[PDB]
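Worksheet: the structure to be examined is printed underneath.
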Amino acid sequence: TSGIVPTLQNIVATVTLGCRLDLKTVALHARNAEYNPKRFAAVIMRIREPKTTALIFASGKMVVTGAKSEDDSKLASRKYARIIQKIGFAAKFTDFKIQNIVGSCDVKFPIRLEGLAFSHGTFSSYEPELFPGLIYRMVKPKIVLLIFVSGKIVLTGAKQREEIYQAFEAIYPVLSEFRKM
Amino acid sequence: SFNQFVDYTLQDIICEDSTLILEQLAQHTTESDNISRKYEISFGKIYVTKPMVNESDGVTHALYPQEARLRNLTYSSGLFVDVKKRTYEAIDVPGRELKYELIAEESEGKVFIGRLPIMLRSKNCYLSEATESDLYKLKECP
Amino acid sequence: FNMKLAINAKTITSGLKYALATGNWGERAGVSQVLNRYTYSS
Amino acid sequence: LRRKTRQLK
Amino acid sequence: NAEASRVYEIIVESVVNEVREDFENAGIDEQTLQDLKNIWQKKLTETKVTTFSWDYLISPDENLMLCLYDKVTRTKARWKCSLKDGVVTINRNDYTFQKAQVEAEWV
Amino acid sequence: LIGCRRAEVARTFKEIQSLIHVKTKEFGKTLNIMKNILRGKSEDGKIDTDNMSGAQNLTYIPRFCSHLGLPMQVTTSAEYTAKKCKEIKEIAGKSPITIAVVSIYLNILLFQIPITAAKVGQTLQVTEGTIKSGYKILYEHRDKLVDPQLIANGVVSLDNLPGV
Amino acid sequence: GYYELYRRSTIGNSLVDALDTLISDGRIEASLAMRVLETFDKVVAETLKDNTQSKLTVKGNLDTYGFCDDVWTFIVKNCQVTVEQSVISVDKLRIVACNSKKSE
Amino acid sequence: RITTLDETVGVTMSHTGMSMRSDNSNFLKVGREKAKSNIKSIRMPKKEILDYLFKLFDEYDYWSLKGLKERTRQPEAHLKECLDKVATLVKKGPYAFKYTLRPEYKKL
Amino acid sequence: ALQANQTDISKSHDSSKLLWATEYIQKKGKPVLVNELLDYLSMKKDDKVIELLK
C-alpha cells in the first residue's frame, strides 16, 4: 500500500569463537586495533571492504556492526575470523546471530506528533523538551519507531528483515491518518 | 510601630546572626590531603518589595487590599537579602595555628526569605500614597 | 550545594501567617482578633 | 577524631 | 631549517655538558668528551639532513614523525589529532614543531 | 513534574532541575516509567487528559512574560502567536520552550518594548543565537503571526518588526 | 619517566651509532652508554618542550591506525605538510605519538 | 531606612523558586570537586603484584584496605583473592581492621 | 609472543617462589619427587626456597 520499502541502515551481529584471546598480542599484531583498558575491556578493530567495526573480547566473543546486509555481515564476520586465524589464535566460525536491525524511510509528508500522542497514548511517548521525535513502541512485532515532524521514520529492534517491513506496513495507516493540513 | 519595625528592626534582627561559618579541618589521612577549609555565609542589606501575589501558574503581580479581601489572599510583600558566600583555606601544618586565606572564591545576589504581611495605610502599602480620588478608584473607603 | 534548598522561605512566610491568622503567638493566645466592622466606632 | 564539621561562632 | 639546526646544536651541547658528571663518576678521561662530540657532529653532517654550524596485518629513506599527542578524536570518517613538541623527518629534511594539527580522512 | 502537569500548572524540565539535582537521562527514564505505571493502574484498577501532552507550550508563555515584566496585552498577543506558530512545519519541530520564547520575542519587538534578545535569553535561559534564528524563520510568516483585531485597531502594524 | 621514542630519530640514531662504535672500540662501558641514553631522553624532552615555537599541519588520507600502551600510530598516505609557508608532498608519512601527560 | 525595590514584582521574583536560569555559583561544590576525579586499573597478573605486595609488606607490616587499594591501584575483587592467599586480617588484635601477612610466611 | 610473555621463574622475592611451589604441590594427586619441582622452577642447585618449603 505504501509503495516504499524502508532501507536497512545498520546491522548488529554477535559471534563466538570458543577460545581465549590475548588482547595485547592482537593489538600489537593487528593493522587496525585500539586496546585501551582504561577506556574499554576489548579490542576495537575495523575493516574497509565491508566498512564494518568489530569489538573483540578476551573471552572469544565478537560483536560486528556497520553491515548493510545480512550476507554482507556474514562476509565481514568471516573475514574477521580469518584475520584472527591468520594472527594465529584458534578461531572457528560458530553461532552468528543478528541481534538488532535498524532501518530508515520517509513518508513524504508532515505528521502531527501531538495528534498521534493523544490518539495512541498506550504506545507513544512524546516529550519534545528532550528529543524532537515521538517514540512509538509497537507491540507486535516488538519494535521501536522514531517519528519526526519532517516525515522521517526510523525503525529499530527487529531481528529479521521481515519484522521491520511488517512494522512499517502496520504503522503506515495511522501515520497517514495524522497528516498536517 | 509597624513602620518603625519594617524600617529598622528587620535589618537589626538580620544583623545579629548574619555570619555562619563551618570549618572543615585537615582530617589527616595522607600527606596529599592536609588543607583545611572554612565556608562562610553572611547576610547584608535587606530589601522589601511592594505587596505582590503569585498565582498557581507562576505569574506574579501587584496585589491590592480589595483583591486580597475578595480572593482570600494574604496582603504581604517579599523580603530579599544580599548574601555573600566566602571560602578560605589554609595549610594545616601539625602543631601550629592556622592562617586562613581567601581562595579567590567570593560569590555575591538577592535571596528570597519569605513574605512579610503589610499593615494597611503603612509606608509599604499602596494606599499610603493614594489620595481621596485614588482611594475611590481603588474601591477603598477614605 | 543549592541555595534554593538551603534557604526555605516558607519558614518565615508560614510562621508569620500562622501567628497572625491564629492568636497563638508561637511557631500567649488571642493576640490577633478579627477586626470588628459592625460600626465605625466599634 | 573530630566531627570533621563544626560551627564556629 | 635554521630553527632545526639551532635546536640540534642545543641538544648536542646539553648532552655533552650534562654527561660530564657521569663520566667523571666512571673515571673516563676528558678527551673522551671531545671524541664523542667530534664523532656525533661528523655523523650529523654525514646524514646531510640540514645545515649545521660545524594487507590486514602489520609487517633515513622513510619519512617519520615522532611527537606527543594532546587529544585525538574522530567523526565516522575523519581523524583529528593535536600534537605538540615533536620532530619530523620528510624527504631527508628535519623540522621541529611546538604544536601540530593532523586532519586525515580514513577511507 | 507529573503533579504539575496534572494541576494545569505544568513546569519545565530545566525549571524542576533547578531545584532537584538530577540529570536529564535519569529524569526522562523515570518519568516514562512513572507514566507507564500510571497508565497500567488506570486500566487495571481517570489519570490523563489533553494536559498530559508533552509540548503544551501555551501554558509556559504567561510565566515567561511575567518574568520579563511584559503587560497582559503583550502576553495575550504572544499566546496567539505561539498558537498559530504550530502551522509552520519549519518551526513545529522545535522545542516548545524555543517556540514560546521566539513568539514572546516577536511580540516584544512588535510592541517596541526596550528589552533586547541578550536579556530575554539570559532571563529565560535560552541562547540568543537560537532566539534570533527562530525569529528569522517566523519573519517569513509574520503576517499569520499577528492578531487581526490588533492590527485592525492599530495598536501596532506589521511595520514595527525589523527583519534581517 | 620519559619515553625512549626519541632514539628512533636522526639524532637518536646517530647517538646510538656513535656509542655503539665506541663500545666496539672498548673505550666506553655499556652501562655508561645506558646512562647516556637515559640523560638523552631528559635533555631532548626539556629542550623540545621549552625551545620551539614552529607549528606545522599535515592533511592526507589515513592508511593504517593503531593504539596500544598509550602509544598512537598513524600512517597517512598522499599528504601535504605545511610548516609555519612551503608545502611538501609526502607519499607515506608514519606518525608515532606518546601521551602528552607523562606517566610519572 | 530599609530599601524598597521599585521594579516590577514579576521581574524581582524571576530569580525565585523554580526558575529557568541555572545557578552559576561554585560555592560548596564538594560533590563536583570529588566526583570529577576518577581513575581505574586493570588486572595485572598475580605473579607480579604478589612480589610487589611482599616488598610493600617488608616496608610496613600492618597495612589497611583503603591504603592497599590506593597503593596497588587494583580492584578490590581481584586484590582480595591474593591478599587472602598470602596474608590474613587481624580482627581481634590491637591492630584491628588491618590486613597482615600470615604467620606461616611472616615467621621467616 | 607467548614465549616472550612467559616470565622467568626468577621472581623478585623468594616468598613468591615458595607460594607458587606450594600451590603446584597442592594441585597434584600424588606426591611429586624433587625432579618434578626442579622441572617446574629452573633452580637445579639447593635453593633457600626449597629449604623454606621443608
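The way I read the labels, and the way they are meant: chains A, B, ... in the order of the C-alpha cells, residue 1 as the first residue of every chain, and ligand 1 as the first ligand shown, with later ones counted on from there.
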query: Using only C-alpha atoms, which residues sit within 8 Å of range 17-30 of chain F once same-chain residues fewer than 6 positions away are excluded, as a VMD selection string?
result: (chain A and resid 130) or (chain C and resid 2 4 to 5) or (chain H and resid 17 to 23)
task: Write out as an MDAnalysis selection string which residues come within 12 Å of residue 129 in chain F when counting only C-alpha atoms, dropping same-chain ones fewer than 6 positions away.
output: chainID F and resid 98 102 117:118 120:122 135:136
task: Find the spatial neighbours of range 87-102 of chain H, counting only C-alpha atoms, within a cut-off of 12 Å - ignore same-chain residues fewer than 6 positions away - and output them as JSON, numbers by chain.
output: {"H": [50, 53, 54, 55, 56, 57, 58, 60, 61, 62, 63, 64, 65, 66, 67, 68, 69, 79, 80, 81, 108], "I": [15, 19]}
- request: Run DSSP on the backbone and grab whatever in chain H lands in strand (DSSP E or B); send it over as a list in words.
  value: residues 3, 4, 63, 64, 87, 88, 89, 90, 98, 99, 100 and 101 of chain H
message: Residues of chain F within 7 Å of chain B, counting only C-alpha atoms, what are they? List them as a ChimeraX atom specification.
response: /F:9,62-63,66
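Taking CA of residue 168 in chain A and CA of residue 125 in chain A as endpoints, the distance between them is 18.0 Å.
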Exercise: range 12-25 of chain C partners within 9 Å, only C-alpha atoms, chain neighbours under 6 positions left out, as number ranges by chain: B: 74, 113-117; C: 31-34
- prompt: Contacts of residue 50 in chain I at 10 Å or less, counting only C-alpha atoms, minus same-chain residues fewer than 2 places along, as a list in words?
  reply: residues 14, 17, 18, 21, 34, 37, 38, 43, 45, 46, 47, 48, 52, 53 and 54 of chain I
Writing out the chosen residues with C-alpha atoms as an mmCIF file, in the first residue's frame:
data_model
loop_
_atom_site.group_PDB
_atom_site.id
_atom_site.type_symbol
_atom_site.label_atom_id
_atom_site.label_comp_id
_atom_site.auth_asym_id
_atom_site.auth_seq_id
_atom_site.Cartn_x
_atom_site.Cartn_y
_atom_site.Cartn_z
ATOM 1 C CA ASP I 14 61.761 -15.980 47.460
ATOM 2 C CA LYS I 17 58.598 -18.838 44.512
ATOM 3 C CA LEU I 18 57.668 -20.711 47.688
ATOM 4 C CA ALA I 21 55.677 -24.184 44.646
ATOM 5 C CA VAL I 34 62.207 -33.237 43.689
ATOM 6 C CA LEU I 37 59.904 -29.451 41.283
ATOM 7 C CA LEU I 38 63.219 -28.856 39.501
ATOM 8 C CA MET I 43 66.770 -23.927 40.243
ATOM 9 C CA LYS I 45 71.029 -26.436 42.909
ATOM 10 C CA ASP I 46 69.926 -26.429 46.552
ATOM 11 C CA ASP I 47 67.684 -23.376 46.930
ATOM 12 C CA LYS I 48 66.748 -21.376 50.007
ATOM 13 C CA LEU I 52 61.983 -22.870 53.473
ATOM 14 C CA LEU I 53 59.400 -25.215 51.958
ATOM 15 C CA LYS I 54 60.871 -28.013 54.068
#
- prompt: If we count only C-alpha atoms, which residues of chain F reach to within 7 Å of chain H? Please list them as a ChimeraX atom specification.
  reply: /F:14-16,18-19,66-69,123-125
Export of prior selection with N, CA, C and O atoms as a PDB file, in the first residue's frame:
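selection_14.pdb, freshly written:
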ATOM      1  N   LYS F  14      13.990  21.954  32.845  1.00  0.00           N
ATOM      2  CA  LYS F  14      15.056  22.777  33.399  1.00  0.00           C
ATOM      3  C   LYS F  14      14.610  23.437  34.696  1.00  0.00           C
ATOM      4  O   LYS F  14      15.388  23.543  35.652  1.00  0.00           O
ATOM      5  N   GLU F  15      13.358  23.891  34.747  1.00  0.00           N
ATOM      6  CA  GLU F  15      12.860  24.526  35.961  1.00  0.00           C
ATOM      7  C   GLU F  15      12.874  23.555  37.134  1.00  0.00           C
ATOM      8  O   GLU F  15      13.283  23.918  38.243  1.00  0.00           O
ATOM      9  N   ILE F  16      12.437  22.314  36.914  1.00  0.00           N
ATOM     10  CA  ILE F  16      12.466  21.340  38.002  1.00  0.00           C
ATOM     11  C   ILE F  16      13.904  20.963  38.352  1.00  0.00           C
ATOM     12  O   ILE F  16      14.238  20.756  39.528  1.00  0.00           O
ATOM     13  N   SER F  18      16.387  22.893  38.301  1.00  0.00           N
ATOM     14  CA  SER F  18      16.996  23.973  39.069  1.00  0.00           C
ATOM     15  C   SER F  18      16.953  23.687  40.562  1.00  0.00           C
ATOM     16  O   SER F  18      17.834  24.135  41.306  1.00  0.00           O
ATOM     17  N   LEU F  19      15.945  22.946  41.022  1.00  0.00           N
ATOM     18  CA  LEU F  19      15.838  22.542  42.417  1.00  0.00           C
ATOM     19  C   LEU F  19      16.381  21.140  42.659  1.00  0.00           C
ATOM     20  O   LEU F  19      17.232  20.951  43.534  1.00  0.00           O
ATOM     21  N   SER F  66       5.643  37.074  32.484  1.00  0.00           N
ATOM     22  CA  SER F  66       5.718  37.642  33.825  1.00  0.00           C
ATOM     23  C   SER F  66       7.164  37.850  34.253  1.00  0.00           C
ATOM     24  O   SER F  66       7.507  38.887  34.832  1.00  0.00           O
ATOM     25  N   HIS F  67       8.029  36.871  33.979  1.00  0.00           N
ATOM     26  CA  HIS F  67       9.440  37.017  34.316  1.00  0.00           C
ATOM     27  C   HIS F  67      10.055  38.209  33.602  1.00  0.00           C
ATOM     28  O   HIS F  67      10.900  38.909  34.172  1.00  0.00           O
ATOM     29  N   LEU F  68       9.652  38.451  32.357  1.00  0.00           N
ATOM     30  CA  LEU F  68      10.150  39.598  31.607  1.00  0.00           C
ATOM     31  C   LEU F  68       9.434  40.898  31.954  1.00  0.00           C
ATOM     32  O   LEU F  68       9.906  41.970  31.559  1.00  0.00           O
ATOM     33  N   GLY F  69       8.321  40.834  32.681  1.00  0.00           N
ATOM     34  CA  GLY F  69       7.612  42.036  33.074  1.00  0.00           C
ATOM     35  C   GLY F  69       6.776  42.673  31.987  1.00  0.00           C
ATOM     36  O   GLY F  69       6.523  43.881  32.040  1.00  0.00           O
ATOM     37  N   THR F 123      17.321  35.781  30.741  1.00  0.00           N
ATOM     38  CA  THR F 123      16.290  35.567  31.750  1.00  0.00           C
ATOM     39  C   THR F 123      15.625  34.208  31.584  1.00  0.00           C
ATOM     40  O   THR F 123      15.347  33.524  32.577  1.00  0.00           O
ATOM     41  N   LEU F 124      15.359  33.794  30.346  1.00  0.00           N
ATOM     42  CA  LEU F 124      14.685  32.525  30.102  1.00  0.00           C
ATOM     43  C   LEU F 124      15.652  31.377  29.830  1.00  0.00           C
ATOM     44  O   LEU F 124      15.203  30.283  29.470  1.00  0.00           O
ATOM     45  N   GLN F 125      16.955  31.595  29.993  1.00  0.00           N
ATOM     46  CA  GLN F 125      17.969  30.558  29.815  1.00  0.00           C
ATOM     47  C   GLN F 125      17.856  29.917  28.430  1.00  0.00           C
ATOM     48  O   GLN F 125      17.706  28.702  28.283  1.00  0.00           O
TER      49      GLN F 125
END
- prompt: Neighbours of residue 2 in chain D within 12 Å (only C-alpha atoms; same-chain residues fewer than 5 positions away dropped), as a PyMOL selection string?
  reply: chain B and resi 23-28
- request: Residues of chain H no more than 7 Å from chain A, counting only C-alpha atoms: send them over as a list in words.
  value: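 Taking only C-alpha atoms into account, residues 40, 41 and 42 of chain H sit within 7 Å of chain A.
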Taking 4 positions as the minimum chain separation for residues in the same chain, which residues sit within 10 Å of residue 127 in chain A when counting only C-alpha atoms? Answer as a PDB file with C-alpha atoms, in the first residue's frame.
ATOM      1  CA  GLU A 114       0.638  15.786  19.163  1.00  0.00           C
ATOM      2  CA  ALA A 117       0.463  11.138  21.074  1.00  0.00           C
ATOM      3  CA  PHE A 131      14.037  14.732  21.886  1.00  0.00           C
ATOM      4  CA  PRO A 132      12.272  16.280  18.866  1.00  0.00           C
ATOM      5  CA  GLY A 133      10.888  12.900  17.815  1.00  0.00           C
ATOM      6  CA  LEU A 134       7.987  10.828  19.069  1.00  0.00           C
ATOM      7  CA  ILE A 135       8.781   7.289  20.232  1.00  0.00           C
TER       8      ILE A 135
ATOM      9  CA  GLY F  28      13.315  11.202  31.464  1.00  0.00           C
ATOM     10  CA  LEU F  31       9.228   9.968  34.026  1.00  0.00           C
ATOM     11  CA  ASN F  32       8.463   7.442  31.287  1.00  0.00           C
ATOM     12  CA  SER F  53       0.540  16.051  26.226  1.00  0.00           C
ATOM     13  CA  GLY F  54       4.217  16.991  26.205  1.00  0.00           C
ATOM     14  CA  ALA F  55       4.527  20.258  24.291  1.00  0.00           C
ATOM     15  CA  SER F  95      11.247  22.645  21.327  1.00  0.00           C
ATOM     16  CA  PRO F  96       8.137  24.174  22.953  1.00  0.00           C
TER      17      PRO F  96
END
query: Taking only C-alpha atoms into account, which residues of chain H are within 9 Å of chain C, as a list in words?
result: residues 16, 17, 18, 23, 26, 27, 28, 29, 30 and 31 of chain H
Got time to write the residues from that selection, N, CA and C atoms, as a PDB file, in the first residue's frame?
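What landed in out-v6.pdb:
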ATOM      1  N   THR H  16      13.406  33.612  41.770  1.00  0.00           N
ATOM      2  CA  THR H  16      12.947  32.868  42.934  1.00  0.00           C
ATOM      3  C   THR H  16      12.276  31.569  42.513  1.00  0.00           C
ATOM      4  N   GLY H  17      12.452  30.532  43.332  1.00  0.00           N
ATOM      5  CA  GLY H  17      11.772  29.274  43.100  1.00  0.00           C
ATOM      6  C   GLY H  17      12.276  28.570  41.854  1.00  0.00           C
ATOM      7  N   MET H  18      11.376  27.824  41.221  1.00  0.00           N
ATOM      8  CA  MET H  18      11.706  27.089  40.003  1.00  0.00           C
ATOM      9  C   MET H  18      11.891  28.089  38.872  1.00  0.00           C
ATOM     10  N   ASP H  23      21.924  28.063  38.239  1.00  0.00           N
ATOM     11  CA  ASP H  23      22.920  28.721  39.074  1.00  0.00           C
ATOM     12  C   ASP H  23      24.319  28.503  38.511  1.00  0.00           C
ATOM     13  N   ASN H  26      29.933  28.536  42.247  1.00  0.00           N
ATOM     14  CA  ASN H  26      30.832  27.419  42.508  1.00  0.00           C
ATOM     15  C   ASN H  26      31.037  27.182  44.002  1.00  0.00           C
ATOM     16  N   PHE H  27      30.157  27.724  44.840  1.00  0.00           N
ATOM     17  CA  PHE H  27      30.324  27.634  46.283  1.00  0.00           C
ATOM     18  C   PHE H  27      29.838  26.286  46.801  1.00  0.00           C
ATOM     19  N   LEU H  28      30.623  25.694  47.701  1.00  0.00           N
ATOM     20  CA  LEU H  28      30.275  24.419  48.330  1.00  0.00           C
ATOM     21  C   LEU H  28      29.976  23.346  47.286  1.00  0.00           C
ATOM     22  N   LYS H  29      30.795  23.302  46.236  1.00  0.00           N
ATOM     23  CA  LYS H  29      30.660  22.283  45.196  1.00  0.00           C
ATOM     24  C   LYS H  29      31.558  21.084  45.509  1.00  0.00           C
ATOM     25  N   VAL H  30      31.365  20.542  46.715  1.00  0.00           N
ATOM     26  CA  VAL H  30      32.158  19.396  47.155  1.00  0.00           C
ATOM     27  C   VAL H  30      31.890  18.191  46.264  1.00  0.00           C
ATOM     28  N   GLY H  31      30.622  17.972  45.910  1.00  0.00           N
ATOM     29  CA  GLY H  31      30.292  16.849  45.051  1.00  0.00           C
ATOM     30  C   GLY H  31      31.015  16.911  43.721  1.00  0.00           C
TER      31      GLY H  31
END
message: One number please: CA of residue 86 in chain F to CA of residue 177 in chain A, in Å, one decimal.
response: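 A separation of 18.2 Å between them.
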message: Counting only C-alpha atoms, a student should be able to say which residues of chain H come within 6 Å of chain B; what is the right answer, written as a list in words?
response: residues 1, 2, 3, 4, 5 and 10 of chain H
Determine, for each residue of range 38-142 of chain A having at least one atom at most 12 Å from an atom of range 72-87 of chain E, the closest pair of atoms and their separation in Å to one decimal, counting only C-alpha atoms; order by chain and ascending number, as a tab-separated table.
residue	atom	partner	partner_atom	distance
A:46	CA	E:76	CA	11.5
A:48	CA	E:77	CA	11.1
A:51	CA	E:77	CA	10.5
A:52	CA	E:76	CA	11.2
A:53	CA	E:76	CA	10.9
A:66	CA	E:76	CA	11.1
Put those residues in a file: N, CA and C atoms, as a JSON list (two decimals), in the first residue's frame.
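Written output follows (again.json):
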[["chain", "number", "residue", "atom", "x", "y", "z"],
["A", 46, "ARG", "N", 38.53, -2.36, 12.77],
["A", 46, "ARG", "CA", 37.64, -2.05, 11.66],
["A", 46, "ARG", "C", 38.21, -2.59, 10.36],
["A", 48, "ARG", "N", 37.59, -2.30, 5.93],
["A", 48, "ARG", "CA", 37.19, -1.31, 4.94],
["A", 48, "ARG", "C", 36.26, -1.87, 3.87],
["A", 51, "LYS", "N", 33.27, -2.15, 5.33],
["A", 51, "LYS", "CA", 33.12, -0.94, 6.13],
["A", 51, "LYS", "C", 32.38, -1.25, 7.43],
["A", 52, "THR", "N", 33.03, -2.08, 8.25],
["A", 52, "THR", "CA", 32.41, -2.59, 9.47],
["A", 52, "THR", "C", 33.39, -2.50, 10.63],
["A", 53, "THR", "N", 32.84, -2.43, 11.84],
["A", 53, "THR", "CA", 33.61, -2.36, 13.07],
["A", 53, "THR", "C", 33.29, -3.55, 13.95],
["A", 66, "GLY", "N", 27.81, -2.27, 11.52],
["A", 66, "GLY", "CA", 28.01, -1.46, 10.34],
["A", 66, "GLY", "C", 27.60, -2.12, 9.04]]
